[PDB]
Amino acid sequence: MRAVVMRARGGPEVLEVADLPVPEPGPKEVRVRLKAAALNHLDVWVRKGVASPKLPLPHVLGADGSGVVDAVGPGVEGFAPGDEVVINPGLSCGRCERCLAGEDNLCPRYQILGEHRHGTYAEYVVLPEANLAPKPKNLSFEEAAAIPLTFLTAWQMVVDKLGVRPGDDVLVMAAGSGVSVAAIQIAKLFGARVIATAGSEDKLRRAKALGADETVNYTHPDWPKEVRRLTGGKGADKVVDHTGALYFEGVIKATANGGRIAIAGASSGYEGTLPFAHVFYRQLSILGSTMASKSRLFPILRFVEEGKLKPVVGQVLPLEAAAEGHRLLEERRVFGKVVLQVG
């Protein structure tokens, strides 16, 4: 089958196109014929070698994917060939205390597709039936593929970690990244008043159309005051920061006392600094968050089918232009998700 793979751990030039045997489905497993694969930051991390070292090469990247059920292994129930589905990137054992508690993302054997094993940058992929979910009919394959990873991550942050509720002033940093665009929508869904920050008026323009109530350009090293102004001088109650590596000094200045700040986990190895004194004294909470319970995908897709949440496909390129896709992310030039059309 056709697939993009990485011969080495370098820049986007390491991603090449080759042929690999079509994987076969095992018991309780399912083979999917991919129609679309979404790019994720996790991809670039592994591609550089900052994540998942000593990984078997060549490697097939890709955590987000959508398509049609090609074949089911022995003992499979709930899926058949021809069925449209989207992948749920969370691979867990399903036996440990964490999994049985609905916390598979905390499983000691937790693995994201394309991180440890071959992902969605191919025409085919096999995975446990439990990791497959029906694709909504009102969406295109590309749109479907862009949902899972970022929506899951933004859901844990906004709902479970920040406990967002109506009345809350939510600050979403760097509107434009996959996590951001979903966090803005989910936060609105929970009655929040969203304030989104970005580095260009163009991204702010898009954040506004996405549902943001107020927007702030952090190009000006005084944006925290603006955020304070927009929130009656008290600052944001809850903050969604998909990185923490962007003017975090300001973020905390924009955050209300007792405020909560959620930071989307990443294997970027980024070493920075976190203000102790004037952070814990103001009783601020800084919560690391990564992916989310696989159970979150069902209600997320439902809201997407109802139209309350929408995927944000900024660009689509052919699977073979995977390299070009990575440069689009590394150069941060697209508002929303980057999707690869497969087949």
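Numbers for residues come from their place in the sequence shown, where the first is 1.
- Annotation for 102-110 versus 148-156: the higher mean temperature factor (C-alpha) is found in 102-110.
- Stretch comparison (263-271 versus 168-176) by mean CA B-factor in the PDB entry places 263-271 on top.
- Comparing the listed residues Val304, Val279, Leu287, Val32, the entry records the largest Cα B-factor for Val279.
- Each of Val76, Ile87, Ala209, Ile195 has a CA temperature factor in the record; the biggest one is found at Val76.
- The deposited CA B-factor of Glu142 belongs to the lowest third of values across its chain.
- Sort the modelled residues of the chain by CA B factor and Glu214 lands in the middle third.
- Ranked by C-alpha B-factor against the other modelled residues of its chain, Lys238 falls in the lowest third.
- Compared with the other modelled residues of the chain, the Cα B-factor recorded for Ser66 ranks in the lowest third.
- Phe190: CA B factor lies in the lowest third for its chain, per the PDB record.
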